[PDB]
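Given next are the chains, with one letter for each unit.
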Amino acid sequence: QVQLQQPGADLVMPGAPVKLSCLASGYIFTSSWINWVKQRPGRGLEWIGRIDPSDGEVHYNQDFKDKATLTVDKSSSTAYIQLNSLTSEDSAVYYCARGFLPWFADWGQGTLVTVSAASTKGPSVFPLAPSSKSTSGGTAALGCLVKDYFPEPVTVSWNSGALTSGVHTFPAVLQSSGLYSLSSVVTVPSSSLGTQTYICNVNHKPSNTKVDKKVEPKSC
Amino acid sequence: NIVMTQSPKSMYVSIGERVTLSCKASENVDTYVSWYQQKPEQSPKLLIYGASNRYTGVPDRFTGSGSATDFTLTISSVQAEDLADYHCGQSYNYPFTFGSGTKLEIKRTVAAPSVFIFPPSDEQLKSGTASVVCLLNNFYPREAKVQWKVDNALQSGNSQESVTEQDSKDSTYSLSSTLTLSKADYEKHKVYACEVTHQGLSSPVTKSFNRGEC
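As documented in the archive entry, the model was determined using X-ray crystallography at 2.9 Å resolution.

Written out as structure tokens, the structure reads:
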């Protein structure tokens, strides 16, 4: 059961050092070398380094040499990396893998590092009013636009979870503002738009937002 | 330094069919390329180490082969599990390097998308903005296109779409191209169109809307 995990995540403004962590669950935190790998959102894995939990021998990728520094711990069996002065182009998931042989056998859940100088703020829910004009073909679409919020995430349920069919809760996109924008759409019977009531449930937790906008047909 | 390259970037397979992913080292890496399987939520997993070695706990269903500059991971028969992301690695020269990777997605029959246009709401307007959201519903394949048109003028750099992954049930995508402009720049025009071009559509469809009427 020799697993070596890492922390859940964290957010920090630009130009700010950070210190992640690893583990040792059984063999010997001297035995192998730990590897650090930077996987940026929608990109191939990238190599950072290796430290030997004894001599402390360190091998850094030549691109991260002067940025991150592989610290270690033979007392507490843990490995640490430290990125000094990180930019918005440093924000990606980081892993540490126990290199069995020259290859990374066991890994450890990724620590997400978001780098942003935005301040926590609550979203704004706007009605994506009923599309049943020529779109009256049996089903009509409607949704909720959850604008400008930081950070993530912001769950979106329709009717407290009663309606879980046809609902799309698209991926939130960062804007030029540093504030995110999400959007949830549920396609539903042109008829029912009256025969039934639709309500979206946005809930951004950090700002402590929990709005319950109700979307209904537009008055032309 | 030692550039690893995968191909394709993303391939569509049918459940239960032998598939072959590619990898080519920049320089000879002598049987050092290993393979990792990674599902969205998960961190990578070593399935193949050495050039061809089914790492402890890998199903026989997965086999490897290669020598100097060319490698391939062959899933002998896809399944619900197998559909994920694969990366080609290396560890024979510092620094070690990975290939961009290649996603595995299920195949099905073309599906023309369903487009809906939504005029911004008044509350959004009063505060200074105007986000007009175009909706392309349940299409296939992923390869789509939304063309915004204000008063016949082609916009540019002022809209931002977002696509979902394959629906767990019907295995179809979805996309939302949002167009935002100040409540003033908005009120300067009357017609807002959304021209969607897909390979399921005979010609491109266009949802339009006029401020005031309907």
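Quick look at the side chain of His198(B) now. Residues and elements named next belong to chain B. Within the fold, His-198 resides in the loop between strand 17 (191–196) and strand 18 (205–210). Within the structure, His-198 has its side chain in polar contact with the backbone oxygen of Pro-141 (distance 3.0 Å). Within the local environment of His-198, its side chain forms a polar contact with the backbone nitrogen of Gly-200, the two atoms lying 3.2 Å apart.

This part takes up empty space enclosed by the protein. In this model, the largest cavity occupies a volume close to 40 Å³. Lining the largest cavity are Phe126(A), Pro127(A), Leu128(A), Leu145(A), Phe118(B), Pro119(B), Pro120(B), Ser121(B), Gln124(B) and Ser131(B). Of the residues forming the lining of the largest cavity, the biggest block, 3 residues, is contributed by strand 10 (residues 124–131) of chain A. Looking at the lining of the largest cavity residue by residue, the class counts come to 7 nonpolar, 3 polar and no charged.

All right, on to the sheet that holds strand 13 (residues 146–150) of chain B then. Backbone hydrogen bonds hold the strands of a sheet together, and the pairing may be parallel or antiparallel. Residue and element names in this part refer to chain B. Spatial ordering of the open sheet is given by 14-13-17-18, a layout of 4 strands whose pairing is antiparallel. Strands with a single pairing partner mark the edges of an open sheet, and in this sheet they are strand 14 (153–154) and strand 18. Relative to strand 17, strand 13 runs antiparallel, the two being bridged by 5 bridges. Looking across to strand 17, one finds that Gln-147 is bridged to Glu-195.

With that out of the way, let us pick up the state of the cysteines. Residue and element names in this part refer to chain A. Evaluation of the coordinates by the stated rule reveals 5 disulfides over all chains. The residue that forms a disulfide with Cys-22 is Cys-96, at a sulfur-sulfur distance of 2.0 Å. Measuring the twist about the S-S bond at about 100°, one finds the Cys-22-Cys-96 disulfide to be right-handed. Placement of the pair is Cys-22 in the loop between strand 2 (18–19) and strand 3 (33–39) and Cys-96 in strand 7 (residues 93–99), with a sequence separation of 74 residues. The class of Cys-22 is buried, set by a relative accessible area of 8%.

Residue and element names in this part refer to chain A. With respect to the helices and strands, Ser-190 occurs in the loop between strand 14 (180–189) and helix 1 (192–195). The class for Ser-190 is buried, based on a relative accessible area of 18%. Side-chain polar atoms of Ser-190 contact the backbone oxygen of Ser-136, separated by 3.3 Å. There is a polar contact of 3.0 Å between the side chain of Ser-190 and the backbone nitrogen of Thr-139. The residues touching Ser-190, leaving out its near neighbours within four places in the chain, are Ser-132, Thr-135, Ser-136, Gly-137, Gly-138, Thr-139 and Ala-140.

Quick look at the sheet that holds strand 15 (residues 198–204) of chain A now. Residue and element names in this part refer to chain A. Read across the sheet, 3 strands follow the order 12-15-16 without closing on themselves; strand pairing throughout is antiparallel. The sheet is open, and its two edges are formed by strand 12 (154–158) and strand 16 (214–215), each paired on a single side. Summarising the sheet, strand 12 and strand 15 pair through 5 bridges and their orientation is antiparallel. Bridging from a neighbouring strand, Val-156 pairs with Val-202 of strand 15.

A few words on unusual backbone geometry. Here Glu152(A) and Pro153(A) are connected by a cis peptide whose omega angle stands at 0°. Within the secondary structure, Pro153(A) sits in the loop between strand 11 (139–149) and strand 12. Omega for the peptide link from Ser7(B) to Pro8(B) comes to 0°, which places this bond in the cis form. In the Ramachandran plot, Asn159(A) falls in the positive-phi region, its phi being about 65° despite a non-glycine side chain. Within the secondary structure layout, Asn159(A) lies in the loop between strand 12 and strand 13 (167–174). For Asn159(A), a relative accessible area of 22% translates into the label partly exposed. One non-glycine residue, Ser160(A), lies in the positive phi region at around 55°. For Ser160(A), the position within the fold is in the loop between strand 12 and strand 13. What makes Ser160(A) exposed here is its relative accessible area of 72%.

The rules behind these values
- Residues numbered from 1 in each chain as written, not as in the entry; some residues may be left out.
- Chains lettered and ligands numbered in written order.
- Heavy atoms only, no water.
- Residues with missing side-chain atoms left out of burial classes, pairs and counts.
- Helix = DSSP H or I, 4+ residues; strand = E, 2+ residues; numbered from the N terminus.
- Polar contact = N/O pair within 3.5 Å; in protein donor to acceptor, adjacent residues only side chain to side chain.
- 1 Å grid on protein atoms, 1.4 Å probe; cavity = no way out; pocket = protein on both sides within 12 Å on 5 of 7 lines; lining within 4 Å.
- Points joined across faces, edges and corners; volume = space filled by probe spheres on them.
- Nonpolar A, V, L, I, M, F, W, Y, C, P; charged D, E, K, R; others polar.
- Pairing = 2+ DSSP bridges.
- Disulfide = S-S within 2.5 Å.
- Buried < 20%, exposed > 50% of the residue type's maximum accessible area, 1.4 Å probe, protein only.
- Contact = heavy atoms within 4.5 Å.

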